[PDB]
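> Got a structure for you, written out below as structure tokens; questions coming shortly.
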Amino acid sequence: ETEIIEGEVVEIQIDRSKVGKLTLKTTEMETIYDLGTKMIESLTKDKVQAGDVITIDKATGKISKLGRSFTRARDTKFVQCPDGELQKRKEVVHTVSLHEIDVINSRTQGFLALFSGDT
Amino acid sequence: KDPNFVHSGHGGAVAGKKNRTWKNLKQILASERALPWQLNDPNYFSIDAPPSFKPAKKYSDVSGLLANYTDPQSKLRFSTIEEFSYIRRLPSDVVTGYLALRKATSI
Amino acid sequence: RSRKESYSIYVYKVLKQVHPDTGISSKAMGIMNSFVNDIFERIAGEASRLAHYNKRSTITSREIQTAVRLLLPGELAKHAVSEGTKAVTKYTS
Amino acid sequence: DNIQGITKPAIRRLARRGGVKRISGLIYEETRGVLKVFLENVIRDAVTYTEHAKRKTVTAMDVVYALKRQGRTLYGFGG
Amino acid sequence: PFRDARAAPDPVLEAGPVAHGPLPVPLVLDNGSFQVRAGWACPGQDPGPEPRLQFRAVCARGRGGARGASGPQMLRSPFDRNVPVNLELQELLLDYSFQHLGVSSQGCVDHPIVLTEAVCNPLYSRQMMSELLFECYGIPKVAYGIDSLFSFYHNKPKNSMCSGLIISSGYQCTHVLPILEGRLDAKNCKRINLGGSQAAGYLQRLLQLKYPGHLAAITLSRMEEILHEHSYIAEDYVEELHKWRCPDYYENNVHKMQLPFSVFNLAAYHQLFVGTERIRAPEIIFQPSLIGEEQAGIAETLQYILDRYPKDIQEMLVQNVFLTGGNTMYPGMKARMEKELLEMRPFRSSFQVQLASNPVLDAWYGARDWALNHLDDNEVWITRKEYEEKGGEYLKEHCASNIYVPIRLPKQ
Amino acid sequence: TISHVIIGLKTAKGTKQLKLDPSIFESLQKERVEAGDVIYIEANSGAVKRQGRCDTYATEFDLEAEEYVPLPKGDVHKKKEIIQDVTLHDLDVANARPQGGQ
Amino acid sequence: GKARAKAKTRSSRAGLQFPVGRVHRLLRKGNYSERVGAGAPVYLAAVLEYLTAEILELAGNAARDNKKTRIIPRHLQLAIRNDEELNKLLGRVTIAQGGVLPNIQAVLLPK
């Protein structure tokens with residue numbers, strides 16, 4: 001079970017520690033969030049701008065930017081804004097080969113040797 | 001007949017442009033803060049409990065369910081898509097009502 | 001000897017609050033003094049007329065709020081009412 | 001429908017009190033637009049006065065005050 | 001559905017219930033901002049058989065001043081923050097009490113009185129009250145004390161010194177009263193500025209904003225029905241409201257409140273559906289941030305007033321968490337409180353959460369029992385004469401009353 | 001400025017204070033633990049796991065890059081007698097090449 | 001006794017920068033009404049302060065875009081005549097030595 005945010009960013013402001021405020025939209029609703037520091041250091045790091053569509057794994061703050069909304073394509077992937085509510089709990093179902101558990105356990109970063117054949 | 005009839009005045013006065021019948025509670029407090037207190041002394045201005053140490057939850061204004069969201073327009077807290085569909089149909093009067101009920105940004 | 005009663009330090013403090021890099025020529029200070037004095041006369045005149053029409057001895061926050069609602073245009077009236085209510089909100093605590 | 005209550009011959013009558021000899025066929029609906037925005041600008045100020053006065057019938061005084069403020073004043077309604 | 005209102009009873013009696021044994025029978029009174037309770041002490045049964053005058057503390061007069069009123073029938077009240085803060089609007093409440101309970105012979109009350117007061121009383125209000133008692137009514141001796149500690153004194157196993165937290169729930173304020181060696185530890189006592197009045201006002205404002213189709217059909221006297229009957233307090237509020245979210249549990253637990261009847265049926269006679277609202281108004285005392293007001297609430301106060309004591313005496317003074325007052329009537333209140341206390345106590349450690357025998361009445365029964373047992377302790381009571389020599393704010397250091405502090409109040 | 005660390009732990013079954021040595025605290029510091037995190041400490045072995053922030057603080061900001069978890073419903077302090085099975089070959093291999101420690 | 005040393009201003013209690021006490025002083029001595037509310041000058045000061053913040057922000061943008069940081073009447077005129085809301089608020093007024101907003105009619109432009 002994973003908590004994912006997914007929306008068009010409508011507006012985003014940052015002050016000068018840091019505090020900032022971010023607004024997100026679906027085709028069906030709008031929202032504003034006061035951001036915490038460890039989101040500010042992600043939204044700024046990934047150069048997010050108003051009219052982007054973004055998906056955020058809330059437990060980690062990685063920004064999966066999907067494209068820009070068709071109305072702010074004006075002045076290069078363009079996309080419809082997400083549907084439903086912004087914060088979805090969704091089940092992710094994941095399949096790992098039993099060997100892929102053997103390898104992750106064998107080195108400081110085992111999974112590289114899964115691709116490279118190094119192990 | 002009555003438990004007494006020969007009462008007399010004990011603080012309220014008809015004269016001037018001031019209270020005829022009582023002293024307001026804030027005046028009682030402000031005139032008590034002047035007394036020769038020390039830190040052991042139990043005092044009616046000092047019994048107010050602290051501000052909370054953990055932050056307050058967002059319960060949705062329109063339904064009390066937990067609010068993952070707040071609206072950029074109405075500034076209320078809401079929980080679900082049909083609540084967002086509902087709040088954008090409210091008149092401004094109840095929106096400022098709900099905000100005032102939480103001492104937020106309107107009067 | 002003589003006096004002028006200008007807003008100069010307050011308008012300059014507001015400038016440094018909105019744009020920390022920016023400064024005022026005294027000719028522009030003359031614009032701002034004329035402006036804020038004239039808008040004060042407009043609002044206080046509107047509120048005075050409005051209170052007299054309503055046969056009151058008083059102007060209060062609702063007389064001035066209504067006088068501002070008459071005098072100001074579109075989005076500037078919305079923001080002015082927002083700041084007027086925010087200030088009264090944070091003052092009354 | 002309500003805005004079309006400013007009748008097509010009323011545009012001609014008003015313009016004929018206004019001294020004009022002839023009307024182009026495009027004048028009418030945009031002139032209803034001008035009358036609409038003028039009405040709206042005075043009526044909204046009148047309601048703004050009426051709301052401060054607590055009342056909710058729009059009085060002749062509420063609209064006299066709006067017209068007086070907007071420098072489009074009238075006499076005969078008890079100014 | 002709503003019940004119809006009840007008011008204007010006829011509890012009129014003779015000069016006084018004089019009895020065998022002691023000639024003096026004291027008046028017993030319970031005090032603050034909701035609802036009076038009063039009566040003669042009347043020794044004769046172990047439970048008090050007839051408390052009287054159970055009436056809403058609200059005052060009125062006719063528009064021309066030709067008549068006044070004080071019994072239950074807009075109106076006025078002599079209180080704020082559960083402290084008396086009016087002169088003649090308080091006298092007429094005492095008048096109504098004495099006039100119904102009995103006048104013995106002349107222009108004074110017959111016999112001594114026990115009279116509850118706020119957790120602290122400001123160093124003007126107890127004086128002003130005692131002055132409005134002695135000069136206006138001539139009482140022969142007086143006993144101040146606290147409603148909550150009296151309700152504890154009734155619910156004690158026996159006449160003894162004891163320790164506890166009294167979790168009080170007054171109409172305006174909820175106070176947490178650590179008591180040690182039989183006495184209030186008032187040096188570190190705390191309160192929350194919220195209680196029954198605020199919960200009722202909140203429940204009103206919710207339903208006013210929810211049903212503008214009939215703003216006038218809902219009022220405090222109707223809120224008291226959904227508040228004192230249909231409301232309940234959660235075991236864990238974020239969990240109860242999460243369980244409230246699903247439609248089947250909603251339709252099983254939402255309460256219909258049919259307005260007084262003459263769109264299918266309801267067009268002017270809606271059912272005022274309460275759901276989560278029947279939790280929110282209860283929760284105000286635990287989380288005052290459901291209102292605008294930032295305060296610790298009845299949970300973080302019970303932490304903050306407790307962790308300041310030595311590690312061993314905490315287990316002793318928690319051995320009676322005692323719950324009393326108006327809000328504590330809610331179903332599930334002990335269950336919430338013990339489910340909450342279980343988080344904040346040391347891992348293996350014991351506690352007991354004793355609910356009062358009757359959370360609204362027991363302050364009067366406690367005051368009765370205290371006055372009956374201490375009836376001749378002339379170091380406990382203030383004698384009429386002592387008001388001429390002491391500062392009038394003066395009190396005499398005893399169980400079920402505030403800690404005294406020597407002060408002089410000038411007059412000019 | 002260093003001796004040992006007192007830490008307080010809380011669950012929906014009660015509270016304790018522990019007396020962690022500085023070599024445990026070096027792992028709380030490395031895990032980036034602060035007051036209000038939910039923690040698992042294994043007192044035999046100094047296995048310290050951050051498990052996300054306690055969800056009583058899930059409104060510290062409206063959106064922040066921490067997973068929030070409910071206050072544990074279990075006991076603050078669990079004892080089990082356990083039995084470790086370990087071959088001589090595990091001892092050989094875990095010593096013969098310099099351990100990871102990484 | 002004596003009055004309070006360093007007694008806090010109505011302005012700084014409100015969180016405002018404008019002189020709320022002077023606004024009350026001038027409302028009363030300006031004869032606008034025989035009595036004046038205590039929160040009336042708070043509200044008025046906040047509106048004058050808001051208009052001041054907005055007009056100076058737009059003038060500072062006009063200065064920045066003009067490659068300057070000292071405001072002169074020109075930057076205020078450029079702000080006031082670019083913004084339709086300030087323009088329609090300020091129709092009956094001249095900004096002294098600010099000039100006029102540069103505008104060529106479409107019929108006068110090339111070809």
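Starting from 1 in every chain, residues are counted up; chains themselves are A, B, ... following the order of the structure tokens, and ligands are numbered from 1 as listed.
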Within 10 Å of chain D, which residues of chain C come that close, and what is the closest atom pair and distance in Å for each? Count only C-alpha atoms and give it as a Markdown table.

| residue | atom | partner | partner_atom | distance |
| --- | --- | --- | --- | --- |
| C:46 | CA | D:69 | CA | 8.7 |
| C:49 | CA | D:65 | CA | 9.5 |
| C:50 | CA | D:49 | CA | 7.9 |
| C:51 | CA | D:53 | CA | 9.6 |
| C:53 | CA | D:61 | CA | 9.0 |
| C:54 | CA | D:53 | CA | 6.8 |
| C:62 | CA | D:52 | CA | 7.4 |
| C:63 | CA | D:52 | CA | 7.4 |
| C:65 | CA | D:52 | CA | 9.4 |
| C:66 | CA | D:52 | CA | 6.7 |
| C:67 | CA | D:49 | CA | 9.0 |
| C:69 | CA | D:48 | CA | 7.6 |
| C:70 | CA | D:45 | CA | 6.4 |
| C:71 | CA | D:69 | CA | 9.1 |
> Contacts of segment 5-21 of chain G at 7 Å or less, counting only C-alpha atoms, minus same-chain residues fewer than 3 places along, as a list in words?
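Selected residues are residues 10, 87, 88, 90 and 91 of chain C; 24, 25, 41, 42, 45, 46 and 49 of chain G.
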> Extract, using only C-alpha atoms, all DNA, RNA and protein residues at most 9 Å from residue 56 of chain G, discarding same-chain residues fewer than 4 positions from it, and format them as a ChimeraX atom specification.
/C:11,14-15,18-19 /G:51-52,60-61,71,76,79
> Please find the residues of chain B near chain C - the criterion being any atom within 10 Å, counting only C-alpha atoms - and write them as a ChimeraX atom specification.
/B:103-107
> Could you build a table of the residues in chain E lying no more than 7 Å from chain F, giving for each the nearest pair of atoms and their separation in Å rounded to one decimal place, using only C-alpha atoms, ordered by chain and ascending residue number, as a Markdown table?

| residue | atom | partner | partner_atom | distance |
| --- | --- | --- | --- | --- |
| E:342 | CA | F:14 | CA | 5.6 |
| E:343 | CA | F:14 | CA | 4.4 |
| E:344 | CA | F:14 | CA | 5.6 |
| E:345 | CA | F:14 | CA | 5.2 |
| E:346 | CA | F:15 | CA | 4.5 |
| E:347 | CA | F:14 | CA | 4.2 |
> As a list in words, please: every residue in segment 69-105 of chain A that a backbone DSSP assignment puts in alpha helix (DSSP H).
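Of segment 69-105 of chain A, only residues 98, 99, 100, 101, 102, 103 and 104 of chain A fall in alpha helix (DSSP H).
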> Skipping near chain neighbours, those fewer than 5 positions away, what residues fall within 12 Å of segment 89-101 of chain F using only C-alpha atoms, listed as a list in words?
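Counting only C-alpha atoms, the residues come to residues 106, 107, 108 and 109 of chain A.
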> Per residue of chain A within 7 Å of chain F, which atom pair is closest and at what distance in Å (one decimal), using only C-alpha atoms, listed by chain and increasing number, as CSV?

residue,atom,partner,partner_atom,distance
A:33,CA,F:62,CA,5.2
A:34,CA,F:62,CA,5.0
A:35,CA,F:63,CA,5.1
A:36,CA,F:64,CA,4.5
A:38,CA,F:65,CA,5.3
A:39,CA,F:65,CA,5.4
A:58,CA,F:65,CA,5.9
A:59,CA,F:67,CA,4.3
A:60,CA,F:65,CA,5.3
A:61,CA,F:65,CA,5.0
A:108,CA,F:102,CA,6.9
> The selected residues should be written to file as a short mmCIF file (atom, residue, chain, number, x, y, z; two decimals), in the first residue's frame (atoms: C-alpha atoms).

data_model
loop_
_atom_site.label_atom_id
_atom_site.label_comp_id
_atom_site.auth_asym_id
_atom_site.auth_seq_id
_atom_site.Cartn_x
_atom_site.Cartn_y
_atom_site.Cartn_z
CA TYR A 33 -0.19 22.65 0.94
CA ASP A 34 2.31 24.24 3.30
CA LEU A 35 5.49 22.31 2.39
CA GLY A 36 8.03 20.86 4.84
CA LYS A 38 12.47 17.97 2.85
CA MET A 39 9.90 18.69 0.11
CA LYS A 58 4.86 11.01 -0.37
CA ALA A 59 7.09 8.67 1.70
CA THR A 60 10.19 9.85 -0.26
CA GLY A 61 9.55 13.12 -2.17
CA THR A 108 27.33 -3.38 -0.71
#
> Set out as JSON lines a contact list for chain B and segment 204-209 of chain E with a cut-off of 10 Å, giving each residue of chain B that qualifies its closest atom pair and distance in Å to one decimal, counting only C-alpha atoms, ordered by chain and rising residue number.

{"residue": "B:61", "atom": "CA", "partner": "E:206", "partner_atom": "CA", "distance": 9.0}
{"residue": "B:62", "atom": "CA", "partner": "E:206", "partner_atom": "CA", "distance": 8.4}
{"residue": "B:63", "atom": "CA", "partner": "E:206", "partner_atom": "CA", "distance": 9.5}
{"residue": "B:90", "atom": "CA", "partner": "E:209", "partner_atom": "CA", "distance": 9.8}
{"residue": "B:93", "atom": "CA", "partner": "E:209", "partner_atom": "CA", "distance": 8.9}
{"residue": "B:94", "atom": "CA", "partner": "E:209", "partner_atom": "CA", "distance": 5.7}
{"residue": "B:95", "atom": "CA", "partner": "E:209", "partner_atom": "CA", "distance": 8.6}
{"residue": "B:97", "atom": "CA", "partner": "E:209", "partner_atom": "CA", "distance": 7.1}
{"residue": "B:98", "atom": "CA", "partner": "E:209", "partner_atom": "CA", "distance": 7.5}
{"residue": "B:101", "atom": "CA", "partner": "E:205", "partner_atom": "CA", "distance": 7.7}
> How would the residues just chosen look if you wrote them out with C-alpha atoms as a PDB file, in the first residue's frame?

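Below is the file that was written, out.pdb:
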ATOM      1  CA  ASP B  61     -14.827  21.641   8.156  1.00  0.00           C
ATOM      2  CA  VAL B  62     -17.987  20.366   6.378  1.00  0.00           C
ATOM      3  CA  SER B  63     -17.986  16.734   7.706  1.00  0.00           C
ATOM      4  CA  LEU B  90     -21.705  27.010  -0.554  1.00  0.00           C
ATOM      5  CA  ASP B  93     -21.494  33.566   4.383  1.00  0.00           C
ATOM      6  CA  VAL B  94     -21.110  29.968   5.618  1.00  0.00           C
ATOM      7  CA  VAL B  95     -17.505  29.781   4.322  1.00  0.00           C
ATOM      8  CA  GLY B  97     -18.680  31.190   9.232  1.00  0.00           C
ATOM      9  CA  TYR B  98     -16.626  27.949   9.222  1.00  0.00           C
ATOM     10  CA  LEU B 101     -15.415  29.033  13.986  1.00  0.00           C
TER      11      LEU B 101
END
> Can I get the residues of chain E within 8 Å of chain B, each with the closest pair of atoms and their distance in Å to one decimal, using only C-alpha atoms, sorted chain first then ascending number, as JSON lines?

{"residue": "E:80", "atom": "CA", "partner": "B:25", "partner_atom": "CA", "distance": 7.1}
{"residue": "E:85", "atom": "CA", "partner": "B:22", "partner_atom": "CA", "distance": 6.5}
{"residue": "E:86", "atom": "CA", "partner": "B:22", "partner_atom": "CA", "distance": 4.8}
{"residue": "E:87", "atom": "CA", "partner": "B:22", "partner_atom": "CA", "distance": 5.8}
{"residue": "E:88", "atom": "CA", "partner": "B:21", "partner_atom": "CA", "distance": 6.9}
{"residue": "E:95", "atom": "CA", "partner": "B:3", "partner_atom": "CA", "distance": 6.9}
{"residue": "E:98", "atom": "CA", "partner": "B:3", "partner_atom": "CA", "distance": 6.6}
{"residue": "E:99", "atom": "CA", "partner": "B:2", "partner_atom": "CA", "distance": 6.8}
{"residue": "E:103", "atom": "CA", "partner": "B:3", "partner_atom": "CA", "distance": 5.8}
{"residue": "E:106", "atom": "CA", "partner": "B:3", "partner_atom": "CA", "distance": 6.8}
{"residue": "E:107", "atom": "CA", "partner": "B:4", "partner_atom": "CA", "distance": 3.7}
{"residue": "E:108", "atom": "CA", "partner": "B:3", "partner_atom": "CA", "distance": 5.5}
{"residue": "E:109", "atom": "CA", "partner": "B:3", "partner_atom": "CA", "distance": 6.1}
{"residue": "E:120", "atom": "CA", "partner": "B:44", "partner_atom": "CA", "distance": 5.5}
{"residue": "E:121", "atom": "CA", "partner": "B:44", "partner_atom": "CA", "distance": 6.7}
{"residue": "E:122", "atom": "CA", "partner": "B:44", "partner_atom": "CA", "distance": 5.9}
{"residue": "E:123", "atom": "CA", "partner": "B:32", "partner_atom": "CA", "distance": 6.7}
{"residue": "E:124", "atom": "CA", "partner": "B:28", "partner_atom": "CA", "distance": 6.7}
{"residue": "E:125", "atom": "CA", "partner": "B:28", "partner_atom": "CA", "distance": 7.9}
{"residue": "E:128", "atom": "CA", "partner": "B:10", "partner_atom": "CA", "distance": 7.6}
{"residue": "E:131", "atom": "CA", "partner": "B:10", "partner_atom": "CA", "distance": 7.3}
{"residue": "E:132", "atom": "CA", "partner": "B:10", "partner_atom": "CA", "distance": 7.3}
{"residue": "E:135", "atom": "CA", "partner": "B:7", "partner_atom": "CA", "distance": 7.1}
{"residue": "E:136", "atom": "CA", "partner": "B:7", "partner_atom": "CA", "distance": 5.1}
{"residue": "E:137", "atom": "CA", "partner": "B:4", "partner_atom": "CA", "distance": 6.4}
{"residue": "E:186", "atom": "CA", "partner": "B:42", "partner_atom": "CA", "distance": 5.5}
{"residue": "E:187", "atom": "CA", "partner": "B:42", "partner_atom": "CA", "distance": 4.9}
{"residue": "E:188", "atom": "CA", "partner": "B:47", "partner_atom": "CA", "distance": 7.7}
{"residue": "E:189", "atom": "CA", "partner": "B:47", "partner_atom": "CA", "distance": 6.3}
{"residue": "E:190", "atom": "CA", "partner": "B:47", "partner_atom": "CA", "distance": 4.6}
{"residue": "E:191", "atom": "CA", "partner": "B:48", "partner_atom": "CA", "distance": 5.3}
{"residue": "E:192", "atom": "CA", "partner": "B:49", "partner_atom": "CA", "distance": 5.8}
{"residue": "E:193", "atom": "CA", "partner": "B:48", "partner_atom": "CA", "distance": 7.4}
{"residue": "E:202", "atom": "CA", "partner": "B:101", "partner_atom": "CA", "distance": 7.9}
{"residue": "E:205", "atom": "CA", "partner": "B:101", "partner_atom": "CA", "distance": 7.7}
{"residue": "E:209", "atom": "CA", "partner": "B:94", "partner_atom": "CA", "distance": 5.7}
{"residue": "E:210", "atom": "CA", "partner": "B:62", "partner_atom": "CA", "distance": 7.8}
{"residue": "E:238", "atom": "CA", "partner": "B:66", "partner_atom": "CA", "distance": 7.3}
{"residue": "E:241", "atom": "CA", "partner": "B:65", "partner_atom": "CA", "distance": 5.8}
{"residue": "E:242", "atom": "CA", "partner": "B:65", "partner_atom": "CA", "distance": 6.8}
{"residue": "E:244", "atom": "CA", "partner": "B:65", "partner_atom": "CA", "distance": 7.8}
{"residue": "E:245", "atom": "CA", "partner": "B:65", "partner_atom": "CA", "distance": 6.8}
{"residue": "E:276", "atom": "CA", "partner": "B:64", "partner_atom": "CA", "distance": 5.9}
{"residue": "E:277", "atom": "CA", "partner": "B:64", "partner_atom": "CA", "distance": 7.3}
{"residue": "E:280", "atom": "CA", "partner": "B:64", "partner_atom": "CA", "distance": 7.2}
{"residue": "E:289", "atom": "CA", "partner": "B:56", "partner_atom": "CA", "distance": 6.1}
{"residue": "E:290", "atom": "CA", "partner": "B:102", "partner_atom": "CA", "distance": 7.1}
{"residue": "E:291", "atom": "CA", "partner": "B:102", "partner_atom": "CA", "distance": 5.0}
{"residue": "E:292", "atom": "CA", "partner": "B:102", "partner_atom": "CA", "distance": 3.7}
{"residue": "E:293", "atom": "CA", "partner": "B:102", "partner_atom": "CA", "distance": 7.5}
{"residue": "E:294", "atom": "CA", "partner": "B:51", "partner_atom": "CA", "distance": 5.5}
{"residue": "E:295", "atom": "CA", "partner": "B:51", "partner_atom": "CA", "distance": 4.2}
{"residue": "E:296", "atom": "CA", "partner": "B:52", "partner_atom": "CA", "distance": 4.2}
{"residue": "E:297", "atom": "CA", "partner": "B:52", "partner_atom": "CA", "distance": 7.6}
{"residue": "E:300", "atom": "CA", "partner": "B:52", "partner_atom": "CA", "distance": 7.0}
{"residue": "E:301", "atom": "CA", "partner": "B:49", "partner_atom": "CA", "distance": 6.4}
{"residue": "E:403", "atom": "CA", "partner": "B:42", "partner_atom": "CA", "distance": 7.4}
{"residue": "E:405", "atom": "CA", "partner": "B:41", "partner_atom": "CA", "distance": 6.6}
> Just want the 12 Å neighbourhood of segment 20-32 of chain F, counted on only C-alpha atoms, with same-chain residues fewer than 2 positions away dropped. Output as a PyMOL selection string.
chain F and resi 1-9+17-18+34-53+66
